[PDB]
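Data block below; observations after.
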Amino acid sequence: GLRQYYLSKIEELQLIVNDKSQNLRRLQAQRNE
Amino acid sequence: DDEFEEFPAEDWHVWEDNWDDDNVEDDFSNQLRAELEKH
Amino acid sequence: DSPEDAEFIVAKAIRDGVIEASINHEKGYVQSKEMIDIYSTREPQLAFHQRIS
Amino acid sequence: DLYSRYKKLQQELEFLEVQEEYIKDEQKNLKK
Amino acid sequence: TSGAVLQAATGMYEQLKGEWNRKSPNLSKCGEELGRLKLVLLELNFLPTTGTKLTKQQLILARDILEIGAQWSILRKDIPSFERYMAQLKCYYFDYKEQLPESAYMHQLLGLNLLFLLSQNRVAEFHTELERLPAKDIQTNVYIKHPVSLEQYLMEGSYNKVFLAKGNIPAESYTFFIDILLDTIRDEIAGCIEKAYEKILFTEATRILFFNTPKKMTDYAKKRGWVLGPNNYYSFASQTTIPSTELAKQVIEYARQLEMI
Amino acid sequence: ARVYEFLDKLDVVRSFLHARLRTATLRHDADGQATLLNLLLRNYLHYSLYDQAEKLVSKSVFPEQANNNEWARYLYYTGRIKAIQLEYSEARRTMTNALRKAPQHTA
Amino acid sequence: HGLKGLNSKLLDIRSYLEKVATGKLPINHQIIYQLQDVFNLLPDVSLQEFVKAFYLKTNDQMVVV
Amino acid sequence: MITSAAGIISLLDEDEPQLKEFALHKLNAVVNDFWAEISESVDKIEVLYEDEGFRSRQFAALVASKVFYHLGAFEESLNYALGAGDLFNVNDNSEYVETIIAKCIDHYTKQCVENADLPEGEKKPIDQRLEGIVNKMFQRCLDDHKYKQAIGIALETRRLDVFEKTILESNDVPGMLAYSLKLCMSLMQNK
């Protein structure tokens, strides 16, 4: 059960980091330009 | 992309598109002729 | 159907705000308002506000 | 390994808080 | 145990069914018998939860007793009890398509439910349930035509035909849910009169409001409040301010949406 | 769901489809959540359970990151529900959006 | 900033009026003349004609916007 | 199949506790598909639960917790899952119970970290049944040899005693101690 708990929150955080990474790459492109 | 097959399909003028030419009515010639005749 | 139904329909429309008129039952007719100039009101502002937004 | 994904939690916080507002104020001052 | 409870429920049913069908002045004896018999019907699986495959006297017992309970709520003028019974009857009628032969009373009782919804003025739920009725049932069956037609007349403002529904009444049981609707419609008509009719008299306002007694007219005028017709005319003719704050808020919104570029 | 549509029995899938929608809502997969909600709404419409679909729409949140076709289907179903529930402005906006988001070469 | 400045000027006048009414300052007739001239100059924005003009020009500007 | 929970919800209020129990059992049966109707009609099952005279408090709490779970609140759902006492099964390995315990341990960890940060006088008196469920799950992790995960939850929750117990009853004390020290140095921020 706790393995599923971890993997669930871990996947949540993977999604968060992924979308935040797209956002940050856009912001970095703007800043670099 | 998707063909939207969920729903069935039924077998099957550059001027301003107005909803006034649609009126069902006899030609103005016929209307005027009737009005004059009953006049 | 019978004119009484048209009476009540027109009165209900005026109540709902579909029409701004007033019914003279004594003579049995309906007299409409003067159609206050809309451009001198806020309606153009609301339409242009939707479009601008 | 899964508490290493907790390391990934703190990594997510690092991306989110540290760098986003960083780029925001960076581009503001770059406009200036 | 199952057979014993089923047989006891069947006996209680047949007893109540005969009592209600034959004897006219059936009263709280029915209420207490219904209480006991619902307690019994807690067994027999009551409403199947699917997968039961009972093919059992559930039909007779539950459907008939819940129907008679709905009519009992009508006769007692008990809105919550009627609502409970009719929710159960909706569940039985609409859920268990096939395995059931349908009840001739179904359309009548559904129309009665539509009348109830109209009386309580829940038009959205009225239309939602009305959509459940099949097309031809909505279009032809009198029991489903009268409720829908009554809503049509109410929306149009055809209060004359709404009142004539009081004489129409395809089933006499519809009177209870129709009287309250007539009173609410009297209020709605009075509101129409308030907004329209720069001036109105009394002798004809009586027919307009569908009243039959000047004492009722005077009582109703005292309700809300009128001028009583000093010249026999109810003269209820009591019919700038730039929204600067709201407009400034809108313009500031324009500026902010332009400047967050 | 299409197979069961042709079977003519969608109430049988109702339970499994709805539970798997619950699973896809707990696990954040927008595509699965959106498609499952669309199929559930289609089933509810087919059986004329507009009130059930009304509660489902009210208490379920569609994923904004769904493809144009799932958006079109969901908007159409929501618009029909609103039209029956007598919310005509919502019906108009959702349905116009559905038409605009539907593919213009087929469907 | 202009609203803030107007508020500051009004607060100064209000404080002076407080002082005069209580008695610290003698009546200054020129100042009172000026004050009542201002208060009379204050316009009315509910005349049913200024409102129509305001709406007409507001729409004439919103069309351009 | 069943097309509406309106009848069962109506049964939920009949003045007969027998009828209420039957309707509530059927609600537990059909919630997985009709949580939206019970979602609309939660208030009556609520008051039914708060009514202590009715002798189905735990089962009513379970049903309401299932409903709130399906809504996604995960706070009232957790509250009523705990209010169910011992009726809810932790070994029935369903998604509902797994997510309920996940939210339970998340709430417990949050409250525990806040409590540890606060002074030593008064915290937010912790729900002993919450502590019991989290300890049950600790025991499950100890039985199924996931000592890494046990230590992770222990550090997350600030359960020093549980962390010590799991490392002591581990099958490799040096390895578990190395793991503990490495992670503690790498991540522990609170002095």
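Going by the structure tokens order, chains are called A, B, ..., each with residues numbered from 1, while ligands are numbered from 1 in the order shown.
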Practice item. Write down as a list in words the residues belonging to chain C that are assigned strand (DSSP E or B) by DSSP computed on the backbone. Key: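 Put together, the selection reads residues 22, 23, 24, 29, 30 and 31 of chain C.
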Residue selection dump (C-alpha atoms) as a PDB file, in the first residue's frame:
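The file below, part27.pdb, is the result:
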ATOM      1  CA  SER C  22     -49.299  49.557 -21.543  1.00  0.00           C
ATOM      2  CA  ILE C  23     -52.744  48.042 -22.055  1.00  0.00           C
ATOM      3  CA  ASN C  24     -55.883  50.198 -22.156  1.00  0.00           C
ATOM      4  CA  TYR C  29     -55.819  48.094 -27.098  1.00  0.00           C
ATOM      5  CA  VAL C  30     -52.071  48.200 -26.431  1.00  0.00           C
ATOM      6  CA  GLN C  31     -50.064  51.434 -26.594  1.00  0.00           C
TER       7      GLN C  31
END
Exercise for review: Residues of chain H near chain F: apply a cut-off of 9 Å, count only C-alpha atoms, and supply the list as a ChimeraX atom specification.
Suggested key: /H:1-4,32-34,36-37,39-40,70-72,95,99
Practice item. Identify, on the basis of only C-alpha atoms, every residue whose closest approach to residue 16 in chain D does not exceed 9 Å; exclude the query and any residue fewer than 5 positions from it along the same chain; express the result as a PyMOL selection string. Key: (chain A and resi 16-17+20-21+24) or (chain D and resi 11+21)
Point to revise | Test item: chain H residues at most 12 Å from chain D, counting only C-alpha atoms, as an MDAnalysis selection string | key: chainID H and resid 146:156 179:180 182:184 186:189
Point to revise | Expected answer as a PyMOL selection string: chain E residues within 12 Å of chain C, only C-alpha atoms | key: chain E and resi 152-163+185+188-205+207-209+233+237+239-244+246-247+249-258
Take the residues that were just selected and, keeping C-alpha atoms, output them as an mmCIF file, in the first residue's frame.
data_model
loop_
_atom_site.group_PDB
_atom_site.id
_atom_site.type_symbol
_atom_site.label_atom_id
_atom_site.label_comp_id
_atom_site.auth_asym_id
_atom_site.auth_seq_id
_atom_site.Cartn_x
_atom_site.Cartn_y
_atom_site.Cartn_z
ATOM 1 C CA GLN E 152 -47.001 25.387 -22.249
ATOM 2 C CA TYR E 153 -49.997 27.527 -21.301
ATOM 3 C CA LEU E 154 -48.259 28.841 -18.181
ATOM 4 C CA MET E 155 -45.175 29.857 -20.171
ATOM 5 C CA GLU E 156 -47.288 31.491 -22.886
ATOM 6 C CA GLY E 157 -49.490 33.247 -20.336
ATOM 7 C CA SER E 158 -52.663 31.388 -21.395
ATOM 8 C CA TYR E 159 -54.104 31.589 -17.901
ATOM 9 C CA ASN E 160 -57.627 31.130 -19.288
ATOM 10 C CA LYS E 161 -56.730 27.661 -20.536
ATOM 11 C CA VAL E 162 -54.781 27.004 -17.338
ATOM 12 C CA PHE E 163 -57.967 27.724 -15.382
ATOM 13 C CA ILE E 185 -51.084 31.714 -11.023
ATOM 14 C CA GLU E 188 -48.568 35.772 -11.295
ATOM 15 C CA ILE E 189 -51.587 37.312 -13.039
ATOM 16 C CA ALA E 190 -51.731 40.008 -10.377
ATOM 17 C CA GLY E 191 -48.072 40.754 -11.080
ATOM 18 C CA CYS E 192 -48.864 41.076 -14.780
ATOM 19 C CA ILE E 193 -51.687 43.463 -13.868
ATOM 20 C CA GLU E 194 -49.332 45.457 -11.646
ATOM 21 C CA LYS E 195 -46.762 46.006 -14.376
ATOM 22 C CA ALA E 196 -49.221 46.569 -17.240
ATOM 23 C CA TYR E 197 -52.622 48.305 -17.041
ATOM 24 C CA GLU E 198 -51.768 51.924 -16.279
ATOM 25 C CA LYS E 199 -55.326 51.864 -14.904
ATOM 26 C CA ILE E 200 -57.860 49.063 -14.398
ATOM 27 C CA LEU E 201 -61.429 48.910 -13.107
ATOM 28 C CA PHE E 202 -63.075 46.376 -10.768
ATOM 29 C CA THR E 203 -66.054 44.714 -12.466
ATOM 30 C CA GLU E 204 -63.777 43.432 -15.241
ATOM 31 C CA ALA E 205 -60.697 42.992 -13.054
ATOM 32 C CA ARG E 207 -62.929 38.236 -14.412
ATOM 33 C CA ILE E 208 -59.301 39.099 -15.195
ATOM 34 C CA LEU E 209 -58.173 37.691 -11.839
ATOM 35 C CA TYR E 233 -60.369 52.218 -11.061
ATOM 36 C CA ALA E 237 -49.696 53.580 -11.917
ATOM 37 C CA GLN E 239 -44.359 53.659 -12.817
ATOM 38 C CA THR E 240 -29.885 58.968 -14.713
ATOM 39 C CA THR E 241 -27.467 57.721 -12.032
ATOM 40 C CA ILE E 242 -24.489 56.928 -14.254
ATOM 41 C CA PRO E 243 -22.870 53.615 -13.192
ATOM 42 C CA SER E 244 -19.643 55.576 -12.923
ATOM 43 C CA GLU E 246 -18.722 50.061 -12.502
ATOM 44 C CA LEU E 247 -17.678 51.774 -15.731
ATOM 45 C CA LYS E 249 -13.785 49.391 -12.981
ATOM 46 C CA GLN E 250 -14.330 48.147 -16.540
ATOM 47 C CA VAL E 251 -12.016 50.792 -18.008
ATOM 48 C CA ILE E 252 -9.322 49.980 -15.441
ATOM 49 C CA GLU E 253 -9.727 46.335 -16.443
ATOM 50 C CA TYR E 254 -9.121 47.357 -20.059
ATOM 51 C CA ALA E 255 -5.997 49.249 -19.010
ATOM 52 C CA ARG E 256 -4.665 46.352 -16.932
ATOM 53 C CA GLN E 257 -5.295 43.820 -19.706
ATOM 54 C CA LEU E 258 -3.494 46.136 -22.129
#
Practice item. Can you check which residues of chain G have any atom within 9 Å of chain C? Use only C-alpha atoms and format it as a ChimeraX atom specification. Key: /G:51-59,62-63,65
Generate the output file for the selected residues, N, CA and C atoms, as a PDB file, in the first residue's frame.
ATOM      1  N   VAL G  51     -26.410  63.324 -18.176  1.00  0.00           N
ATOM      2  CA  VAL G  51     -26.286  61.872 -18.254  1.00  0.00           C
ATOM      3  C   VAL G  51     -26.341  61.407 -19.702  1.00  0.00           C
ATOM      4  N   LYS G  52     -27.277  61.948 -20.485  1.00  0.00           N
ATOM      5  CA  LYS G  52     -27.365  61.564 -21.888  1.00  0.00           C
ATOM      6  C   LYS G  52     -26.107  61.964 -22.647  1.00  0.00           C
ATOM      7  N   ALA G  53     -25.593  63.169 -22.395  1.00  0.00           N
ATOM      8  CA  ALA G  53     -24.358  63.590 -23.051  1.00  0.00           C
ATOM      9  C   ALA G  53     -23.191  62.697 -22.650  1.00  0.00           C
ATOM     10  N   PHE G  54     -23.098  62.362 -21.362  1.00  0.00           N
ATOM     11  CA  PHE G  54     -22.028  61.498 -20.887  1.00  0.00           C
ATOM     12  C   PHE G  54     -22.094  60.132 -21.548  1.00  0.00           C
ATOM     13  N   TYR G  55     -23.291  59.549 -21.637  1.00  0.00           N
ATOM     14  CA  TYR G  55     -23.422  58.250 -22.288  1.00  0.00           C
ATOM     15  C   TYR G  55     -23.082  58.344 -23.769  1.00  0.00           C
ATOM     16  N   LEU G  56     -23.521  59.411 -24.436  1.00  0.00           N
ATOM     17  CA  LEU G  56     -23.242  59.544 -25.860  1.00  0.00           C
ATOM     18  C   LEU G  56     -21.744  59.624 -26.114  1.00  0.00           C
ATOM     19  N   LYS G  57     -21.027  60.432 -25.328  1.00  0.00           N
ATOM     20  CA  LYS G  57     -19.585  60.536 -25.533  1.00  0.00           C
ATOM     21  C   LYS G  57     -18.857  59.278 -25.075  1.00  0.00           C
ATOM     22  N   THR G  58     -19.350  58.615 -24.027  1.00  0.00           N
ATOM     23  CA  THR G  58     -18.753  57.355 -23.609  1.00  0.00           C
ATOM     24  C   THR G  58     -18.849  56.319 -24.718  1.00  0.00           C
ATOM     25  N   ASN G  59     -19.998  56.244 -25.389  1.00  0.00           N
ATOM     26  CA  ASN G  59     -20.132  55.316 -26.508  1.00  0.00           C
ATOM     27  C   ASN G  59     -19.283  55.757 -27.694  1.00  0.00           C
ATOM     28  N   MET G  62     -15.938  54.485 -26.754  1.00  0.00           N
ATOM     29  CA  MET G  62     -15.846  53.032 -26.717  1.00  0.00           C
ATOM     30  C   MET G  62     -15.873  52.432 -28.114  1.00  0.00           C
ATOM     31  N   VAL G  63     -16.531  53.086 -29.071  1.00  0.00           N
ATOM     32  CA  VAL G  63     -16.483  52.594 -30.445  1.00  0.00           C
ATOM     33  C   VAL G  63     -15.055  52.644 -30.972  1.00  0.00           C
ATOM     34  N   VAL G  65     -12.321  52.674 -29.122  1.00  0.00           N
ATOM     35  CA  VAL G  65     -11.552  51.685 -28.372  1.00  0.00           C
ATOM     36  C   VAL G  65     -11.770  50.293 -28.952  1.00  0.00           C
TER      37      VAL G  65
END
Practice item. Mind the document's chain letters and residue numbers, and return as a PyMOL selection string the residues of range 38-160 of chain E that DSSP labels helix (DSSP H, G or I). Key: chain E and resi 38-41+58-76+79-95+105-120+123-130+135-139+142-156+159-160
Rows by chain and residue number, chain H within 9 Å of chain E, shortest pair, only C-alpha atoms, as CSV:
residue,atom,partner,partner_atom,distance
H:1,CA,E:50,CA,5.9
H:2,CA,E:95,CA,5.5
H:3,CA,E:95,CA,5.5
H:4,CA,E:91,CA,6.5
H:5,CA,E:91,CA,7.9
H:6,CA,E:87,CA,5.8
H:7,CA,E:88,CA,4.4
H:8,CA,E:88,CA,7.7
H:9,CA,E:84,CA,9.0
H:10,CA,E:84,CA,5.4
H:11,CA,E:84,CA,7.4
H:14,CA,E:84,CA,8.8
H:16,CA,E:39,CA,8.2
H:18,CA,E:39,CA,7.6
H:19,CA,E:42,CA,6.7
H:22,CA,E:42,CA,7.1
H:26,CA,E:49,CA,7.1
H:29,CA,E:49,CA,7.7
H:30,CA,E:49,CA,7.5
Can you spit out the residues from that selection as a PDB file, in the first residue's frame, using C-alpha atoms?
ATOM      1  CA  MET H   1     -29.544  -1.557 -14.523  1.00  0.00           C
ATOM      2  CA  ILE H   2     -30.190   0.883 -11.672  1.00  0.00           C
ATOM      3  CA  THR H   3     -30.795   4.315 -13.198  1.00  0.00           C
ATOM      4  CA  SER H   4     -31.156   6.494 -10.087  1.00  0.00           C
ATOM      5  CA  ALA H   5     -30.435   6.531  -6.359  1.00  0.00           C
ATOM      6  CA  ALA H   6     -33.426   8.797  -5.688  1.00  0.00           C
ATOM      7  CA  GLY H   7     -35.500   5.991  -4.185  1.00  0.00           C
ATOM      8  CA  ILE H   8     -32.715   4.819  -1.885  1.00  0.00           C
ATOM      9  CA  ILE H   9     -31.942   8.386  -0.807  1.00  0.00           C
ATOM     10  CA  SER H  10     -35.640   8.850  -0.030  1.00  0.00           C
ATOM     11  CA  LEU H  11     -35.565   5.642   2.015  1.00  0.00           C
ATOM     12  CA  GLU H  14     -38.290   7.302   6.676  1.00  0.00           C
ATOM     13  CA  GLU H  16     -37.715   3.856  10.655  1.00  0.00           C
ATOM     14  CA  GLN H  18     -34.618  -0.365   9.846  1.00  0.00           C
ATOM     15  CA  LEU H  19     -35.494   1.344   6.560  1.00  0.00           C
ATOM     16  CA  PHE H  22     -31.429  -0.993   4.428  1.00  0.00           C
ATOM     17  CA  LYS H  26     -27.875  -0.190  -0.723  1.00  0.00           C
ATOM     18  CA  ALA H  29     -23.640  -0.918  -2.815  1.00  0.00           C
ATOM     19  CA  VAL H  30     -24.411   1.664  -5.520  1.00  0.00           C
TER      20      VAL H  30
END
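Note that the spacing between CA of residue 69 in chain H and CA of residue 100 in chain H amounts to 7.8 Å.
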Study note, to complete from the structure: Correct to one decimal, the distance CA of residue 59 in chain E-CA of residue 60 in chain H is 29.0 Å
Exercise for review: Find the spatial neighbours of residue 75 in chain E, counting only C-alpha atoms, within a cut-off of 10 Å - ignore same-chain residues fewer than 5 positions away - and output them as a VMD selection string.
Suggested key: chain E and resid 26 to 27 69 to 70 82 173 176
Exercise for review: Would you mind reading off the distance between CA of residue 17 in chain D and CA of residue 116 in chain H, one decimal, in Å?
Suggested key: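 Going from CA of residue 17 in chain D over to CA of residue 116 in chain H covers 24.5 Å.
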